[PDB]
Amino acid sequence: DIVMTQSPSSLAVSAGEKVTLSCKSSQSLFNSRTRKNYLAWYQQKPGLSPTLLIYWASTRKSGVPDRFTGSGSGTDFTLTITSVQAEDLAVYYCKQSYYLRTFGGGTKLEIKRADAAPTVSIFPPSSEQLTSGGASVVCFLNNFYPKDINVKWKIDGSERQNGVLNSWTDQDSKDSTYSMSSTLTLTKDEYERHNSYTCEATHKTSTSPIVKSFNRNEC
């Protein structure tokens, strides 16, 4: 039961930089009959199956970009990305195939970029939802950086904490920003008791929050 350990468990770099990922095995992966180190590297993007990058520790799979280079022998192996691209964000796993299979714990590769303010959009309940008897108010806080951000709902001018669910995207593979949805869920009865609905986004790019609001009876 060969054990695999990866490090770091996460790291962030700006695009263009190099990264070195490490993977150590509990015993040698070198086969003294085929002269192979049975060590592989996989890239897993969110919502997709992992893809094979490197096998026999240094043989790059055909069609894999040149910037990926595996190295090592025995117990210590390295994945080098000689110039990180925005699309390279992923969790990278090593996997030994010497006696059985074992995956490392993975390295999550994140990208640093300049700060950017969120663009805020607010959405009243759809008429479809209301006819079905429910009412969700949705606010998107899109394409901001860094990932930390705060949302405040106000109903008729007063803070509302109950009924809010927040959800952050994975970092964007194209521009390296984050986005977040904030959904206030009410019954239709409760929605119709109030008039103004406001979502306030506070981000480190400005002291003033970014506010979007609407009034129910102006639909």
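Position 1 is the first residue in the sequence shown; the rest follow in order.
Here the stretch with the larger average CA B-factor, out of 35-43 and 186-194, is 35-43.
Stretches 121-129 and 83-91 differ in mean CA B factor, with 83-91 having the higher one. Among the modelled residues of its chain, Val13 has a C-alpha B-factor that falls in the highest third, as given in the PDB entry.
Ranked by C-alpha B-factor against the other modelled residues of its chain, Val19 falls in the highest third. In this PDB entry, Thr69 carries a Cα temperature factor that places it within the highest third of its chain's modelled residues. Residue-level temperature factors show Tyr55 in the middle third of its chain, judged at the C-alpha atom. Residue-level temperature factors show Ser26 in the highest third of its chain, judged at the C-alpha atom.
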